$ cat upload-v4.cif   # mmCIF, C-alpha atoms and all ligand atoms
data_work
#
loop_
_atom_site.group_PDB
_atom_site.id
_atom_site.type_symbol
_atom_site.label_atom_id
_atom_site.label_comp_id
_atom_site.auth_asym_id
_atom_site.auth_seq_id
_atom_site.Cartn_x
_atom_site.Cartn_y
_atom_site.Cartn_z
ATOM 1 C CA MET A 1 -12.260 39.285 -17.657
ATOM 2 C CA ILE A 2 -11.345 35.536 -17.709
ATOM 3 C CA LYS A 3 -14.731 34.148 -18.891
ATOM 4 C CA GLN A 4 -16.698 30.965 -18.125
ATOM 5 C CA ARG A 5 -16.797 28.316 -20.880
ATOM 6 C CA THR A 6 -19.304 25.755 -22.053
ATOM 7 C CA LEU A 7 -19.532 23.514 -25.139
ATOM 8 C CA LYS A 8 -20.222 25.035 -28.631
ATOM 9 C CA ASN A 9 -22.179 21.974 -29.931
ATOM 10 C CA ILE A 10 -24.038 18.913 -28.613
ATOM 11 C CA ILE A 11 -21.971 15.671 -29.029
ATOM 12 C CA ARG A 12 -23.354 12.113 -28.893
ATOM 13 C CA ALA A 13 -21.032 9.151 -28.075
ATOM 14 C CA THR A 14 -21.679 5.459 -27.169
ATOM 15 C CA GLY A 15 -19.475 3.076 -25.164
ATOM 16 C CA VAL A 16 -19.814 0.262 -22.585
ATOM 17 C CA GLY A 17 -20.313 0.491 -18.786
ATOM 18 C CA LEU A 18 -17.271 -0.666 -16.709
ATOM 19 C CA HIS A 19 -19.695 -2.601 -14.381
ATOM 20 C CA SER A 20 -22.658 -3.583 -16.701
ATOM 21 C CA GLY A 21 -20.437 -4.415 -19.749
ATOM 22 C CA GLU A 22 -23.484 -3.133 -21.780
ATOM 23 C CA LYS A 23 -23.976 -0.171 -24.232
ATOM 24 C CA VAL A 24 -24.398 3.314 -22.656
ATOM 25 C CA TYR A 25 -25.400 6.457 -24.665
ATOM 26 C CA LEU A 26 -23.475 9.627 -23.646
ATOM 27 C CA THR A 27 -24.657 13.122 -24.647
ATOM 28 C CA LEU A 28 -22.710 16.332 -23.774
ATOM 29 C CA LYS A 29 -24.679 19.644 -24.010
ATOM 30 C CA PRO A 30 -23.958 23.382 -23.457
ATOM 31 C CA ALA A 31 -25.317 24.765 -20.165
ATOM 32 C CA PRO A 32 -25.893 28.236 -18.702
ATOM 33 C CA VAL A 33 -23.425 30.276 -16.581
ATOM 34 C CA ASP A 34 -22.919 29.056 -12.979
ATOM 35 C CA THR A 35 -24.505 25.610 -13.802
ATOM 36 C CA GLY A 36 -21.322 23.567 -13.188
ATOM 37 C CA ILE A 37 -21.197 20.042 -14.582
ATOM 38 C CA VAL A 38 -24.623 18.328 -14.103
ATOM 39 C CA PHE A 39 -25.261 14.593 -14.773
ATOM 40 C CA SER A 40 -28.790 13.418 -15.759
ATOM 41 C CA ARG A 41 -30.330 9.889 -16.102
ATOM 42 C CA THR A 42 -32.525 10.097 -19.278
ATOM 43 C CA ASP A 43 -33.368 6.330 -18.965
ATOM 44 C CA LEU A 44 -35.328 7.309 -15.783
ATOM 45 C CA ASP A 45 -38.865 8.860 -15.807
ATOM 46 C CA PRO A 46 -38.880 11.588 -14.665
ATOM 47 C CA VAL A 47 -35.253 12.487 -15.741
ATOM 48 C CA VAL A 48 -33.010 12.742 -12.569
ATOM 49 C CA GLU A 49 -30.265 15.464 -12.369
ATOM 50 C CA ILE A 50 -27.204 15.159 -10.036
ATOM 51 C CA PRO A 51 -24.706 18.083 -9.937
ATOM 52 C CA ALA A 52 -21.034 16.955 -9.870
ATOM 53 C CA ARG A 53 -20.427 18.378 -6.349
ATOM 54 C CA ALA A 54 -18.416 16.970 -3.388
ATOM 55 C CA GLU A 55 -21.541 16.638 -1.168
ATOM 56 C CA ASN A 56 -23.229 14.372 -3.862
ATOM 57 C CA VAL A 57 -20.428 11.737 -3.555
ATOM 58 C CA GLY A 58 -21.577 8.339 -2.135
ATOM 59 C CA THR A 61 -14.562 2.514 -3.263
ATOM 60 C CA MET A 62 -12.211 2.088 -6.337
ATOM 61 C CA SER A 63 -14.013 4.959 -8.188
ATOM 62 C CA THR A 64 -16.112 8.120 -7.619
ATOM 63 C CA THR A 65 -19.956 7.713 -7.557
ATOM 64 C CA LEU A 66 -22.540 10.548 -7.445
ATOM 65 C CA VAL A 67 -25.850 9.790 -5.648
ATOM 66 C CA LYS A 68 -29.255 11.508 -5.153
ATOM 67 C CA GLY A 69 -31.474 9.142 -3.090
ATOM 68 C CA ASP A 70 -31.576 5.646 -4.755
ATOM 69 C CA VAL A 71 -30.194 6.999 -8.142
ATOM 70 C CA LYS A 72 -26.447 6.898 -8.912
ATOM 71 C CA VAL A 73 -23.856 7.731 -11.595
ATOM 72 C CA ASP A 74 -20.638 5.610 -11.295
ATOM 73 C CA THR A 75 -17.205 6.346 -12.884
ATOM 74 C CA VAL A 76 -17.505 10.188 -13.118
ATOM 75 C CA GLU A 77 -13.730 10.890 -12.431
ATOM 76 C CA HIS A 78 -12.235 10.529 -16.024
ATOM 77 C CA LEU A 79 -14.902 12.764 -17.750
ATOM 78 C CA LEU A 80 -14.573 15.383 -14.918
ATOM 79 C CA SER A 81 -10.758 15.298 -15.349
ATOM 80 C CA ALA A 82 -11.218 16.159 -19.068
ATOM 81 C CA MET A 83 -13.662 18.993 -18.156
ATOM 82 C CA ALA A 84 -11.145 20.346 -15.566
ATOM 83 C CA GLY A 85 -8.153 19.976 -17.933
ATOM 84 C CA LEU A 86 -9.906 21.838 -20.835
ATOM 85 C CA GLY A 87 -11.512 24.485 -18.510
ATOM 86 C CA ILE A 88 -15.237 23.539 -19.129
ATOM 87 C CA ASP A 89 -17.178 25.345 -16.320
ATOM 88 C CA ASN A 90 -20.724 24.543 -17.520
ATOM 89 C CA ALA A 91 -22.121 21.358 -19.200
ATOM 90 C CA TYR A 92 -24.976 18.826 -19.106
ATOM 91 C CA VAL A 93 -23.958 15.148 -19.217
ATOM 92 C CA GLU A 94 -26.868 12.883 -20.300
ATOM 93 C CA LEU A 95 -26.545 9.097 -19.654
ATOM 94 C CA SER A 96 -28.844 6.175 -20.781
ATOM 95 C CA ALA A 97 -27.540 4.193 -17.682
ATOM 96 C CA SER A 98 -26.153 4.460 -14.100
ATOM 97 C CA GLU A 99 -22.504 4.798 -15.293
ATOM 98 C CA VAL A 100 -20.350 6.930 -17.624
ATOM 99 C CA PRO A 101 -19.001 4.704 -20.457
ATOM 100 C CA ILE A 102 -15.383 3.550 -19.680
ATOM 101 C CA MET A 103 -14.169 4.249 -23.272
ATOM 102 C CA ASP A 104 -10.341 3.422 -23.307
ATOM 103 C CA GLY A 105 -10.072 3.885 -19.435
ATOM 104 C CA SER A 106 -8.420 7.389 -19.734
ATOM 105 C CA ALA A 107 -9.620 11.042 -20.058
ATOM 106 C CA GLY A 108 -8.380 10.995 -23.717
ATOM 107 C CA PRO A 109 -11.720 10.085 -25.424
ATOM 108 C CA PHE A 110 -13.540 12.829 -23.409
ATOM 109 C CA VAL A 111 -10.774 15.335 -24.338
ATOM 110 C CA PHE A 112 -11.304 14.389 -27.987
ATOM 111 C CA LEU A 113 -15.143 14.765 -27.758
ATOM 112 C CA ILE A 114 -14.884 18.186 -26.015
ATOM 113 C CA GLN A 115 -12.270 19.538 -28.472
ATOM 114 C CA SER A 116 -14.513 18.248 -31.344
ATOM 115 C CA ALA A 117 -17.689 19.923 -29.879
ATOM 116 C CA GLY A 118 -15.659 23.183 -29.461
ATOM 117 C CA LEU A 119 -15.406 25.678 -26.544
ATOM 118 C CA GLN A 120 -17.926 28.569 -26.185
ATOM 119 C CA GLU A 121 -16.995 31.647 -24.032
ATOM 120 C CA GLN A 122 -19.856 32.931 -21.787
ATOM 121 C CA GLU A 123 -20.406 36.578 -20.564
ATOM 122 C CA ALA A 124 -19.631 35.899 -16.879
ATOM 123 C CA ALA A 125 -16.334 35.939 -14.923
ATOM 124 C CA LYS A 126 -14.820 32.450 -14.323
ATOM 125 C CA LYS A 127 -14.678 31.653 -10.523
ATOM 126 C CA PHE A 128 -11.558 29.960 -9.040
ATOM 127 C CA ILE A 129 -11.128 28.385 -5.604
ATOM 128 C CA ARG A 130 -7.838 29.694 -4.132
ATOM 129 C CA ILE A 131 -6.176 27.641 -1.322
ATOM 130 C CA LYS A 132 -5.209 30.185 1.374
ATOM 131 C CA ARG A 133 -3.728 27.746 3.913
ATOM 132 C CA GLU A 134 -2.594 24.084 4.205
ATOM 133 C CA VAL A 135 -5.332 21.449 4.746
ATOM 134 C CA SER A 136 -4.457 17.688 5.073
ATOM 135 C CA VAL A 137 -6.189 14.351 5.763
ATOM 136 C CA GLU A 138 -4.593 11.012 6.766
ATOM 137 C CA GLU A 139 -5.743 7.329 6.778
ATOM 138 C CA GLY A 140 -2.998 5.010 8.156
ATOM 139 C CA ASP A 141 0.038 5.428 5.813
ATOM 140 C CA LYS A 142 -2.101 7.440 3.243
ATOM 141 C CA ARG A 143 -2.064 11.288 3.074
ATOM 142 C CA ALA A 144 -3.679 13.981 0.873
ATOM 143 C CA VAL A 145 -2.770 17.682 1.239
ATOM 144 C CA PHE A 146 -3.772 21.080 -0.249
ATOM 145 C CA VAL A 147 -0.986 23.791 -0.080
ATOM 146 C CA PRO A 148 -1.180 27.420 -1.274
ATOM 147 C CA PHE A 149 0.469 27.801 -4.724
ATOM 148 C CA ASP A 150 0.212 30.564 -7.395
ATOM 149 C CA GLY A 151 -0.969 28.164 -10.158
ATOM 150 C CA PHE A 152 -2.217 24.584 -10.281
ATOM 151 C CA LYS A 153 0.100 21.681 -9.463
ATOM 152 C CA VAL A 154 -0.723 18.028 -8.760
ATOM 153 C CA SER A 155 1.878 15.599 -7.233
ATOM 154 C CA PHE A 156 1.463 11.922 -6.415
ATOM 155 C CA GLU A 157 3.723 9.305 -4.788
ATOM 156 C CA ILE A 158 3.074 5.621 -3.993
ATOM 157 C CA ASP A 159 5.354 2.811 -2.664
ATOM 158 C CA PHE A 160 3.085 -0.236 -3.469
ATOM 159 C CA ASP A 161 4.237 -3.832 -2.624
ATOM 160 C CA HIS A 162 3.419 -5.662 -5.884
ATOM 161 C CA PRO A 163 6.483 -6.634 -8.024
ATOM 162 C CA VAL A 164 5.243 -4.823 -11.184
ATOM 163 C CA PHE A 165 6.718 -1.693 -9.352
ATOM 164 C CA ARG A 166 10.350 -3.167 -9.068
ATOM 165 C CA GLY A 167 10.684 -2.306 -5.285
ATOM 166 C CA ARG A 168 10.761 1.434 -6.211
ATOM 167 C CA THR A 169 8.521 4.349 -5.110
ATOM 168 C CA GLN A 170 6.602 5.779 -8.170
ATOM 169 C CA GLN A 171 6.447 9.659 -8.179
ATOM 170 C CA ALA A 172 5.225 12.376 -10.576
ATOM 171 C CA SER A 173 4.528 16.122 -10.347
ATOM 172 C CA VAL A 174 2.605 18.153 -12.986
ATOM 173 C CA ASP A 175 2.694 21.999 -12.980
ATOM 174 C CA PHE A 176 0.063 23.085 -15.575
ATOM 175 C CA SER A 177 1.954 26.398 -16.309
ATOM 176 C CA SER A 178 4.718 24.253 -18.011
ATOM 177 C CA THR A 179 3.090 20.743 -18.484
ATOM 178 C CA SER A 180 0.113 20.069 -20.864
ATOM 179 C CA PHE A 181 -2.796 18.125 -19.242
ATOM 180 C CA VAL A 182 -3.754 16.860 -22.763
ATOM 181 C CA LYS A 183 -0.172 15.757 -23.731
ATOM 182 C CA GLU A 184 1.244 14.449 -20.426
ATOM 183 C CA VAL A 185 -1.743 13.138 -18.326
ATOM 184 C CA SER A 186 -5.016 12.747 -20.338
ATOM 185 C CA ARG A 187 -4.213 9.346 -21.994
ATOM 186 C CA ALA A 188 -2.877 7.495 -18.868
ATOM 187 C CA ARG A 189 -4.642 4.172 -18.079
ATOM 188 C CA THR A 190 -4.699 2.589 -14.591
ATOM 189 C CA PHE A 191 -3.271 -0.837 -13.575
ATOM 190 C CA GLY A 192 -5.860 -3.647 -13.199
ATOM 191 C CA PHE A 193 -4.619 -6.616 -11.045
ATOM 192 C CA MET A 194 -5.898 -10.006 -12.404
ATOM 193 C CA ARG A 195 -6.427 -11.111 -8.731
ATOM 194 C CA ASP A 196 -9.053 -8.310 -8.212
ATOM 195 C CA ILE A 197 -10.652 -8.383 -11.728
ATOM 196 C CA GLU A 198 -11.184 -12.229 -11.599
ATOM 197 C CA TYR A 199 -12.992 -11.875 -8.202
ATOM 198 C CA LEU A 200 -15.309 -9.083 -9.532
ATOM 199 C CA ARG A 201 -16.121 -10.936 -12.834
ATOM 200 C CA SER A 202 -16.978 -14.161 -10.848
ATOM 201 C CA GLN A 203 -19.679 -11.975 -9.124
ATOM 202 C CA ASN A 204 -21.036 -10.558 -12.483
ATOM 203 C CA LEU A 205 -19.215 -7.165 -11.803
ATOM 204 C CA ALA A 206 -16.570 -5.115 -13.783
ATOM 205 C CA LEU A 207 -17.981 -6.877 -16.897
ATOM 206 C CA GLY A 208 -16.687 -3.953 -19.112
ATOM 207 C CA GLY A 209 -13.020 -4.110 -17.874
ATOM 208 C CA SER A 210 -10.206 -5.429 -20.283
ATOM 209 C CA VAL A 211 -6.750 -4.765 -21.941
ATOM 210 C CA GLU A 212 -8.841 -2.235 -24.012
ATOM 211 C CA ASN A 213 -9.416 0.038 -20.948
ATOM 212 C CA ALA A 214 -6.670 -0.950 -18.375
ATOM 213 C CA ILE A 215 -3.030 -2.112 -18.130
ATOM 214 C CA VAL A 216 -3.638 -5.724 -16.929
ATOM 215 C CA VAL A 217 -1.100 -7.011 -14.391
ATOM 216 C CA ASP A 218 -0.792 -10.533 -13.002
ATOM 217 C CA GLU A 219 0.994 -11.597 -9.767
ATOM 218 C CA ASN A 220 4.365 -10.434 -11.276
ATOM 219 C CA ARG A 221 4.105 -8.098 -14.317
ATOM 220 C CA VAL A 222 2.314 -6.144 -17.085
ATOM 221 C CA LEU A 223 0.817 -8.608 -19.652
ATOM 222 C CA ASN A 224 0.609 -6.132 -22.624
ATOM 223 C CA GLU A 225 3.494 -3.600 -22.540
ATOM 224 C CA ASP A 226 2.366 -2.800 -26.175
ATOM 225 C CA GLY A 227 -0.591 -0.809 -24.686
ATOM 226 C CA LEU A 228 1.672 1.336 -22.377
ATOM 227 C CA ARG A 229 1.570 5.068 -23.417
ATOM 228 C CA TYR A 230 3.748 6.862 -20.775
ATOM 229 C CA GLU A 231 6.716 6.335 -18.424
ATOM 230 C CA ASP A 232 5.283 6.172 -14.854
ATOM 231 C CA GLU A 233 1.763 5.693 -16.375
ATOM 232 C CA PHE A 234 0.237 4.320 -13.086
ATOM 233 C CA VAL A 235 1.077 7.554 -11.156
ATOM 234 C CA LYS A 236 0.020 9.741 -14.173
ATOM 235 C CA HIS A 237 -3.434 7.995 -13.956
ATOM 236 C CA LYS A 238 -3.592 8.771 -10.199
ATOM 237 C CA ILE A 239 -2.964 12.481 -11.094
ATOM 238 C CA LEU A 240 -5.757 12.242 -13.811
ATOM 239 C CA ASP A 241 -8.081 10.731 -11.113
ATOM 240 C CA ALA A 242 -7.211 13.472 -8.560
ATOM 241 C CA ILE A 243 -7.883 16.315 -11.106
ATOM 242 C CA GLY A 244 -11.365 14.783 -11.681
ATOM 243 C CA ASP A 245 -12.045 14.384 -7.943
ATOM 244 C CA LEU A 246 -10.842 18.027 -7.251
ATOM 245 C CA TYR A 247 -13.276 19.316 -9.923
ATOM 246 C CA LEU A 248 -16.137 18.211 -7.571
ATOM 247 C CA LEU A 249 -15.310 21.498 -5.733
ATOM 248 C CA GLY A 250 -17.252 23.062 -8.697
ATOM 249 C CA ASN A 251 -14.491 25.463 -9.961
ATOM 250 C CA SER A 252 -10.858 25.442 -11.158
ATOM 251 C CA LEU A 253 -8.358 25.308 -8.213
ATOM 252 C CA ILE A 254 -5.544 27.830 -7.565
ATOM 253 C CA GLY A 255 -3.305 25.703 -5.326
ATOM 254 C CA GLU A 256 -1.213 22.507 -5.057
ATOM 255 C CA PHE A 257 -2.477 18.964 -4.340
ATOM 256 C CA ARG A 258 -0.022 16.391 -2.896
ATOM 257 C CA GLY A 259 -1.083 12.705 -2.783
ATOM 258 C CA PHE A 260 0.781 9.981 -0.773
ATOM 259 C CA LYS A 261 -0.725 6.581 -1.613
ATOM 260 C CA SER A 262 -4.136 8.422 -1.755
ATOM 261 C CA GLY A 263 -7.206 7.307 -3.791
ATOM 262 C CA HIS A 264 -10.835 8.380 -4.478
ATOM 263 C CA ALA A 265 -11.866 7.862 -0.815
ATOM 264 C CA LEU A 266 -9.098 10.028 0.769
ATOM 265 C CA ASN A 267 -9.472 12.608 -2.074
ATOM 266 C CA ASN A 268 -13.207 13.089 -1.173
ATOM 267 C CA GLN A 269 -12.331 13.304 2.570
ATOM 268 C CA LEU A 270 -9.820 16.098 1.639
ATOM 269 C CA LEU A 271 -12.606 17.977 -0.292
ATOM 270 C CA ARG A 272 -14.998 17.737 2.748
ATOM 271 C CA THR A 273 -12.199 18.896 5.174
ATOM 272 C CA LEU A 274 -11.408 21.885 2.856
ATOM 273 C CA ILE A 275 -15.143 22.798 2.545
ATOM 274 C CA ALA A 276 -15.512 22.736 6.400
ATOM 275 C CA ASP A 277 -12.310 24.914 6.880
ATOM 276 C CA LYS A 278 -13.810 28.108 5.383
ATOM 277 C CA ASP A 279 -10.771 30.323 6.317
ATOM 278 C CA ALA A 280 -8.581 27.970 4.180
ATOM 279 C CA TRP A 281 -10.086 28.932 0.761
ATOM 280 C CA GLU A 282 -11.730 31.867 -1.102
ATOM 281 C CA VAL A 283 -13.513 32.246 -4.474
ATOM 282 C CA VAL A 284 -11.638 34.741 -6.774
ATOM 283 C CA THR A 285 -12.057 36.158 -10.350
ATOM 284 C CA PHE A 286 -9.491 37.875 -12.687
ATOM 285 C CA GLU A 287 -9.574 40.859 -15.150
ATOM 286 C CA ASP A 288 -6.545 39.393 -17.123
HETATM 287 N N1 LIG A 301 -10.135 5.620 -11.519
HETATM 288 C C1 LIG A 301 -10.306 4.143 -11.352
HETATM 289 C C2 LIG A 301 -10.170 3.469 -12.708
HETATM 290 O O1 LIG A 301 -9.662 4.083 -13.667
HETATM 291 N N2 LIG A 301 -10.612 2.187 -12.739
HETATM 292 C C3 LIG A 301 -10.643 1.377 -13.848
HETATM 293 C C4 LIG A 301 -10.341 1.788 -15.138
HETATM 294 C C5 LIG A 301 -10.379 0.886 -16.200
HETATM 295 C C6 LIG A 301 -10.751 -0.442 -15.996
HETATM 296 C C7 LIG A 301 -11.070 -0.846 -14.714
HETATM 297 O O2 LIG A 301 -11.510 -2.096 -14.450
HETATM 298 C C8 LIG A 301 -10.607 -3.181 -14.563
HETATM 299 F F1 LIG A 301 -10.321 -3.427 -15.807
HETATM 300 F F2 LIG A 301 -9.447 -2.881 -14.068
HETATM 301 F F3 LIG A 301 -11.233 -4.177 -13.965
HETATM 302 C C9 LIG A 301 -11.049 0.041 -13.642
HETATM 303 ZN ZN ZN A 302 -9.198 6.254 -13.019
#

$ encode --input "upload-v4.cif" --output "structure tokens"
Amino acid sequence: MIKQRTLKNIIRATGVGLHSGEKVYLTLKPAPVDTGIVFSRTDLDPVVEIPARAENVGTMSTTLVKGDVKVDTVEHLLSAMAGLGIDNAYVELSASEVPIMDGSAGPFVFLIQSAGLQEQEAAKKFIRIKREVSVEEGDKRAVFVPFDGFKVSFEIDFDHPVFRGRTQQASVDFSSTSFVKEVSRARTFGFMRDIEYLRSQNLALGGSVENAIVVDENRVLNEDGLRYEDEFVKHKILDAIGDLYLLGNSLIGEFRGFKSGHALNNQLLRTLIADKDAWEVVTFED
């Protein structure tokens, strides 16, 4: 059977919160079969657990919420879990946000590969898209289509000159393309306009050229930090893989994003969940 996977060892990392700009302690731990990914606040008393599920989502990022308790910036760590096939894990945090690390899934990939993968004696569950499901918000669209595999496409025509008056497009089919090699290390674009406004309000205190490609009114300030061609759209694909993992299982299907973001992604998850004839849970015997 294709088996569930968890981590082989506990790993401890530290970084800084995107919003607080202060130290956060990150601990990844093995977890039992059918746990999913579960976030816990070990700075709180008693410790508060929030499963990484679509119905626990409460802007420019994905936030999990249970009452007055939150975990911000879950999408890059969930992308790494999805891209390495981790079904089951505990994520312990000393604060209300995942550390930003270098702004990609890369550091989480490295931590998981370093901890090692442990096979579990239970069949891995997949969510198979059986029919098309789409959501729209003005000119924005997000779509699930049936596909024998896992494929993530993204397109945006954005009217800032960094983009040269051209639509940015990328497609990744994970049967041919490596998540680790071709997606995991993509950083997002941070517009000075937006960052300066947040910092004036004592927000986004952790953001910098260390964790984003910083762009002014016209252009990229440090091209030396660029890792990929079409890096902005590769980051949107990284983001979407993380958001899709809130379904709780690996997807058998195709995602198509048209100027979509965290908000329209989560609306697509909720529309899929409601349309119960559009998906099924399947296992494989190799
Ligand atoms: N998925 C959304 C995302 O990756 N956002 C993000 C990443 C790094 C830095 C940052 O903040 C800032 F630097 F841009 F301000 C915001
Ligand atoms: Zn992101």

$ closest_residue --input "upload-v4.cif" --among "A:121, A:49, A:74, A:279" --to "residue 7 in chain A" --atoms "all atoms listed in the file"
A:121

$ atom_distance --input "upload-v4.cif" --atom1 "CA of residue 182 in chain A" --atom2 "CA of residue 230 in chain A"
12.7 Å

$ closest_residue --input "upload-v4.cif" --among "A:272, A:195, A:143, A:72" --to "residue 55 in chain A" --atoms "all atoms listed in the file"
A:272

$ resolve_selection --input "upload-v4.cif" --expression "the PyMOL selection byres (((not hetatm)) within 6 of (chain A and resi 301))" --output "mmCIF file with C-alpha atoms, in the coordinates of the input"
data_model
loop_
_atom_site.group_PDB
_atom_site.id
_atom_site.type_symbol
_atom_site.label_atom_id
_atom_site.label_comp_id
_atom_site.auth_asym_id
_atom_site.auth_seq_id
_atom_site.Cartn_x
_atom_site.Cartn_y
_atom_site.Cartn_z
ATOM 1 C CA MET A 62 -12.211 2.088 -6.337
ATOM 2 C CA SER A 63 -14.013 4.959 -8.188
ATOM 3 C CA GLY A 105 -10.072 3.885 -19.435
ATOM 4 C CA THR A 190 -4.699 2.589 -14.591
ATOM 5 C CA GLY A 192 -5.860 -3.647 -13.199
ATOM 6 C CA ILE A 197 -10.652 -8.383 -11.728
ATOM 7 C CA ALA A 206 -16.570 -5.115 -13.783
ATOM 8 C CA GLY A 209 -13.020 -4.110 -17.874
ATOM 9 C CA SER A 210 -10.206 -5.429 -20.283
ATOM 10 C CA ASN A 213 -9.416 0.038 -20.948
ATOM 11 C CA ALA A 214 -6.670 -0.950 -18.375
ATOM 12 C CA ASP A 241 -8.081 10.731 -11.113
#

$ atom_distance --input "upload-v4.cif" --atom1 "CA of residue 118 in chain A" --atom2 "CA of residue 6 in chain A"
8.6 Å

$ residues_near_ligand --input "upload-v4.cif" --ligand "ligand ZN 302 (chain A)" --cutoff "12 Å" --atoms "only C-alpha atoms and all ligand atoms" --output "MDAnalysis selection string"
chainID A and resid 18 61:64 74:82 102:108 185:192 213:215 233:245 263:264

$ atom_distance --input "upload-v4.cif" --atom1 "CA of residue 101 in chain A" --atom2 "CA of residue 52 in chain A"
16.3 Å

$ closest_residue --input "upload-v4.cif" --among "A:259, A:220, A:147, A:160" --to "residue 172 in chain A" --atoms "all atoms listed in the file"
A:259

$ resolve_selection --input "upload-v4.cif" --expression "the PyMOL selection byres (((chain A and resi 23) around 10) and not hetatm)" --output "ChimeraX atom specification"
/A:14-17,20-22,24-26,96-97,101,208

$ residues_near_point --input "upload-v4.cif" --point "(-18.0, 18.9, -8.5)" --cutoff "12 Å" --atoms "only C-alpha atoms" --output "JSON, numbers by chain"
{"A": [35, 36, 37, 38, 39, 50, 51, 52, 53, 54, 55, 56, 57, 64, 65, 66, 76, 77, 79, 80, 81, 83, 84, 88, 89, 90, 91, 243, 244, 245, 246, 247, 248, 249, 250, 251, 252, 253, 268, 271, 272]}

$ closest_residue --input "upload-v4.cif" --among "A:12, A:183, A:133, A:68" --to "residue 85 in chain A" --atoms "all atoms listed in the file"
A:183

$ residues_around --input "upload-v4.cif" --residues "residue 158 in chain A" --least-positions-apart "5" --cutoff "7 Å" --atoms "all atoms listed in the file" --output "PDB file with C-alpha atoms, keeping the file's coordinate frame"
ATOM      1  CA  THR A 169       8.521   4.349  -5.110  1.00  0.00           C
ATOM      2  CA  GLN A 170       6.602   5.779  -8.170  1.00  0.00           C
ATOM      3  CA  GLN A 171       6.447   9.659  -8.179  1.00  0.00           C
ATOM      4  CA  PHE A 260       0.781   9.981  -0.773  1.00  0.00           C
ATOM      5  CA  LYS A 261      -0.725   6.581  -1.613  1.00  0.00           C
TER       6      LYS A 261
END

$ resolve_selection --input "upload-v4.cif" --expression "the PyMOL selection byres (((chain A and resi 44) around 12) and not hetatm)" --output "list in words"
residues 40, 41, 42, 43, 45, 46, 47, 48, 49, 70, 71, 72, 94, 95, 96, 97 and 98 of chain A

$ residues_around --input "upload-v4.cif" --residues "residue 149 in chain A" --least-positions-apart "2" --cutoff "12 Å" --atoms "only C-alpha atoms" --output "MDAnalysis selection string"
chainID A and resid 129:134 146:147 151:154 175:177 253:258 281

$ residues_around --input "upload-v4.cif" --residues "residue 123 in chain A" --least-positions-apart "3" --cutoff "12 Å" --atoms "all atoms listed in the file" --output "ChimeraX atom specification"
/A:1-6,32-34,120,126

$ write_last_selection --input "upload-v4.cif" --atoms "C-alpha atoms" --output "PDB file, in the frame of the given file"
ATOM      1  CA  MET A   1     -12.260  39.285 -17.657  1.00  0.00           C
ATOM      2  CA  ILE A   2     -11.345  35.536 -17.709  1.00  0.00           C
ATOM      3  CA  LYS A   3     -14.731  34.148 -18.891  1.00  0.00           C
ATOM      4  CA  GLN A   4     -16.698  30.965 -18.125  1.00  0.00           C
ATOM      5  CA  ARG A   5     -16.797  28.316 -20.880  1.00  0.00           C
ATOM      6  CA  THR A   6     -19.304  25.755 -22.053  1.00  0.00           C
ATOM      7  CA  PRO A  32     -25.893  28.236 -18.702  1.00  0.00           C
ATOM      8  CA  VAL A  33     -23.425  30.276 -16.581  1.00  0.00           C
ATOM      9  CA  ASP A  34     -22.919  29.056 -12.979  1.00  0.00           C
ATOM     10  CA  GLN A 120     -17.926  28.569 -26.185  1.00  0.00           C
ATOM     11  CA  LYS A 126     -14.820  32.450 -14.323  1.00  0.00           C
TER      12      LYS A 126
END

$ axis_aligned_box --input "upload-v4.cif" --around "range 152-162 of chain A" --padding-each-side "4 Å" --output "AutoDock Vina command-line options"
--center_x 1.6 --center_y 9.5 --center_z -6.5 --size_x 15.6 --size_y 38.2 --size_z 15.7

$ residues_around --input "upload-v4.cif" --residues "residue 274 in chain A" --least-positions-apart "4" --cutoff "7 Å" --atoms "all atoms listed in the file" --output "MDAnalysis selection string"
chainID A and resid 135 270 280

$ decode --input "upload-v4.cif" --residues "range 159-164 of chain A" --atoms "N, CA, C and O atoms" --output "PDB file, in the first residue's frame"
ATOM      1  N   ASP A 159      -1.531  39.044 -14.770  1.00  0.00           N
ATOM      2  CA  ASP A 159      -1.186  40.299 -15.492  1.00  0.00           C
ATOM      3  C   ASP A 159      -1.324  41.415 -14.456  1.00  0.00           C
ATOM      4  O   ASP A 159      -2.483  41.841 -14.231  1.00  0.00           O
ATOM      5  N   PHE A 160      -0.233  41.812 -13.784  1.00  0.00           N
ATOM      6  CA  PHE A 160      -0.282  42.859 -12.717  1.00  0.00           C
ATOM      7  C   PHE A 160       0.371  44.164 -13.216  1.00  0.00           C
ATOM      8  O   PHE A 160       1.475  44.119 -13.763  1.00  0.00           O
ATOM      9  N   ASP A 161      -0.303  45.292 -12.978  1.00  0.00           N
ATOM     10  CA  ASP A 161       0.051  46.626 -13.539  1.00  0.00           C
ATOM     11  C   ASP A 161       0.953  47.396 -12.563  1.00  0.00           C
ATOM     12  O   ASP A 161       0.544  48.442 -11.997  1.00  0.00           O
ATOM     13  N   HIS A 162       2.160  46.879 -12.433  1.00  0.00           N
ATOM     14  CA  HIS A 162       3.339  47.484 -11.780  1.00  0.00           C
ATOM     15  C   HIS A 162       4.437  47.234 -12.799  1.00  0.00           C
ATOM     16  O   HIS A 162       4.390  46.193 -13.444  1.00  0.00           O
ATOM     17  N   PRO A 163       5.335  48.216 -13.072  1.00  0.00           N
ATOM     18  CA  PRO A 163       6.340  48.091 -14.133  1.00  0.00           C
ATOM     19  C   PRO A 163       7.432  47.033 -13.933  1.00  0.00           C
ATOM     20  O   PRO A 163       8.090  46.662 -14.896  1.00  0.00           O
ATOM     21  N   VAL A 164       7.625  46.560 -12.701  1.00  0.00           N
ATOM     22  CA  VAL A 164       8.579  45.438 -12.473  1.00  0.00           C
ATOM     23  C   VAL A 164       8.260  44.327 -13.493  1.00  0.00           C
ATOM     24  O   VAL A 164       9.225  43.758 -14.039  1.00  0.00           O
TER      25      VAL A 164
END
